[PDB]
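*Asks:* One structure, pasted below without further comment.
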Amino acid sequence: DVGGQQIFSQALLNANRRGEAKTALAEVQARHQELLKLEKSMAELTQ
Amino acid sequence: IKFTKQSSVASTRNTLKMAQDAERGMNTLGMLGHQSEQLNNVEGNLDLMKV
């Protein structure tokens with residue numbers, strides 16, 4: 001035969017992407033602790 | 001992760017609210033300026049009484 005075959009295609013993500021808890025967005029934990037510290041200090045200052 | 005970010009948003013909102021509340025210190029400066037003008041008057045009356 002000839003020109004008797006078509007083809008589909010699939011896709012893989014990036015390795016650098018890896019997980020979802022990869023800091024800069026997941027380290028919002030540590031940052032939240034910073035923000036809570038900020039909030040406590042501001043509460044005192046406003047008082 | 002989403003929950004922590006939401007908590008961070010709420011925290012920064014409250015911090016901003018309180019900071020604005022703190023700023024509304026200016027009423028204290030206004031009052032201190034008023035009391036300063038009064039004390040300037042007290043000083044003038046005292047000087048006159050010395051004479």
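Within each chain, counting starts at residue 1; across the structure tokens, chains are named A, B, ... in the order shown, with ligands numbered 1 upward in that order.
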Residues of chain B no more than 6 Å from chain A, counting only C-alpha atoms: send them over as JSON, numbers by chain.

*Replies:* {"B": [1, 8, 15, 18, 22]}

*Asks:* Store the residues picked out above, limited to C-alpha atoms, as a tab-separated table (two decimals), in the first residue's frame.

*Replies:*
chain	number	residue	atom	x	y	z
B	1	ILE	CA	-2.43	25.32	48.84
B	8	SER	CA	-3.21	34.89	53.31
B	15	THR	CA	-3.89	44.17	58.08
B	18	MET	CA	-6.20	48.05	60.64
B	22	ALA	CA	-4.36	53.45	62.66

*Asks:* Just list as a PyMOL selection string whatever in chain A DSSP marks as alpha helix (DSSP H).

*Replies:* chain A and resi 28-46

*Asks:* May I ask for the distance between atom CA of residue A:18 and atom CA of residue B:6, given in Å to one decimal place?

*Replies:*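 Straight-line distance from atom CA of residue A:18 to atom CA of residue B:6 works out to 23.2 Å.
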
*Asks:* In Å, rounded to a single decimal, give me how far atom CA of residue B:46 is from atom CA of residue B:32.

*Replies:*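 The value is 20.4 Å.
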
*Asks:* Record the distance separating atom CA of residue B:23 and atom CA of residue B:10, expressed in Å with one decimal.

*Replies:*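 Separation of atom CA of residue B:23 and atom CA of residue B:10: 20.1 Å.
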